[PDB]
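The next block holds one structure in the form of structure tokens; read it before the comments.
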Number of protein chains: 2
Amino acid sequence: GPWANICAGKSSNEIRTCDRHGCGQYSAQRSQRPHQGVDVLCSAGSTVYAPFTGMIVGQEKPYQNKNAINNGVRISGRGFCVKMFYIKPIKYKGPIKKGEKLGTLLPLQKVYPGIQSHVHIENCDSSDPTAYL
Amino acid sequence: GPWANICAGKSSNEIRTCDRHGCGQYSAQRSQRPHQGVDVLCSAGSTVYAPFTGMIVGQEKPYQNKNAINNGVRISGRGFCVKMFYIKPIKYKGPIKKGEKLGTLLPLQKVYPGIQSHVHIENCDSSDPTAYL
Ligand SMILES: [Zn+2]
Ligand SMILES: [Zn+2]
């Protein structure tokens with residue numbers, strides 16, 4: 001698909017399969033409700049890059065409570081609007097270019113030891129983003 | 001083998017198979033001399049545990065020039081003696097028990113993008129450690 005490879009160490013945007021914590025695909029089984037995004041493979045500590053050109057809209061945290069991975073952002077532009085979780089970003093507002101450094105992946109293995117480390121990416125309307133990867 | 005599972009969140013010690021950069025088995029191809037140890041699969045940022053009971057007997061860096069993974073230790077005791085690379089250890093010297101936290105795996109993807117993240121473990125005499133894993 002159209003998006004840039006998001007994770008510094010990767011040829012493409014590969015998706016988390018199934019590990020001891022769960023599975024990474026859109027609508028994957030979760031406890032209250034299905035998985036609302038897609039988990040894109042990425043090594044803890046890695047540089048993450050913008051999937052598309054647009055504007056960082058704001059900080060957007062994945063969780064209501066503090067943990068080692070509780071940061072992220074919303075980005076919109078070029079027909080796309082995503083929330084990207086488990087990243088410490090460079091900035092919480094302003095312009096960003098496709099493939100530009102967006103931030104660093106936070107300590108996935110500290111929070112979920114044995115997970116396939118990933119960025120969780122979600123369309124802003126919670127629709128399936130898989131086609132764009 | 002008698003050694004503890006090294007990588008938090010894994011079930012057992014599993015050896016890196018071949019990727020872009022090379023292969024993880026003992027005596028696998030490397031540039032001027034064969035692979036002197038075994039590469040145990042482990043995710044960047046995972047806790048790493050001591051494979052056996054002994055003494056941490058100093059820092060052992062893998063490389064002459066600094067990079068994100070350039071740390072490790074030597075451990076000896078109970079008739080074993082190993083070097084373990086790519087870990088930030090809890091300490092450089094002192095007692096450790098089999099299965100106790102030794103440290104945390106450094107971010108291999110910053111140095112060798114596309115490698116399977118792993119701990120490199122080597123017997124101090126460079127004999128094959130595979131049977132102990
Ligand atoms: Zn997810
Ligand atoms: Zn090795």
- Query: Near B:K101, which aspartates and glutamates are there with a Cα under 18 Å away, not counting those fewer than 8 places off in the same chain?
  - Reply: B:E60
- So for the pair A:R78, B:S31, with labels modelled 7 Å out along Cα→Cβ, what separation do we get in nm? 3.7 nm
- Item | Ascending list, in nanometres, of distances separating the B:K98 label from those of the other copies (7 Å, Cα toward Cβ) | 5.6
- Message: From the alpha carbon gyration tensor of the protein assembly as shown, can you work out the equivalent ellipsoid semi-axes (sqrt of 5 times each eigenvalue) and give them in Å, largest to smallest?
- Response: 37, 18, 17
- Residue-wise HN-Hα coupling along segment B:97-106, computed from phi with Karplus coefficients 6.51, -1.76, 1.60 (Hz; x: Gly, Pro): 9, 3, x, 6, 4, 9, x, 10, 5, 7
- Query: Relative to the present Cα-Cα distance, how much length would full extension add between B:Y63 and B:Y132 at 0.36 nm per residue of separation?
  - Reply: 22.3 nm
- Name the long-range amide H neighbours of A:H118: under 5 Å, sequence gap of 5 or more, or other chain; modelled H, no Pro or chain starts. A:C42
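For a protection proxy built on the mean count of beta-carbon atoms within 10 angstrom, sort B:7-19, A:90-102, A:49-61 highest first, please. Before the final figure, lay out each step's value.
Details: B:7-19: 16.4, A:90-102: 14.6, A:49-61: 18.8.
Order by mean packing, descending: A:49-61, B:7-19, A:90-102.
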- Item | Efficiency of FRET between B:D125 and B:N70 - r from beta-carbon atoms, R0 25 angstrom, step 0.05 | 0.60
- Query: Residue of B with Cβ nearest the axis relating B to A, plus distance in whole Å?
  - Reply: B:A44, 2
- Query: At A:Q59, with labels set 7 Å past Cα in the Cβ direction, how many nm apart are the copies from this one, shortest first?
  - Reply: 3.4
- Query: If you count, for every residue in A:104-110, the Cβ atoms of partner chains within 10 Å of its Cβ, what is the mean?
  - Reply: 4
- Between segment A:1-23 and segment B:1-72, what's the alpha-carbon centroid distance in Å? 24 Å
- In peptide A:75-88, how many Cβ atoms from other protein chains are near each Cβ within 10 Å, on average? 0
- Relative contact order (percent, whole number), chain B, Cα cutoff 8 Å, 6+ residue spacing: 30 percent
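With r defined as the distance between the Cβ atoms of B:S12 and B:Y112 and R0 fixed at 25 Å, what FRET efficiency is calculated, to the nearest 0.05? Provide the component values of the computation, followed by the final result.
Working: r = 24 Å, r/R0 = 0.95.
With a Förster radius of 25 Å, E is 0.60.
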- Item | Ellipsoid equivalent to chain A - semi-axes via the Cα gyration tensor, in Å | 21, 16, 15
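Across peptide A:38-51, how many C-beta atoms of other chains are within 10 Å of each residue C-beta, on average?
3
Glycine gets a Cβ as well: all are built from the backbone with ideal geometry, and neighbour counts include every protein chain shown. Rule-based calculations on the coordinates, nothing more; no lab input.
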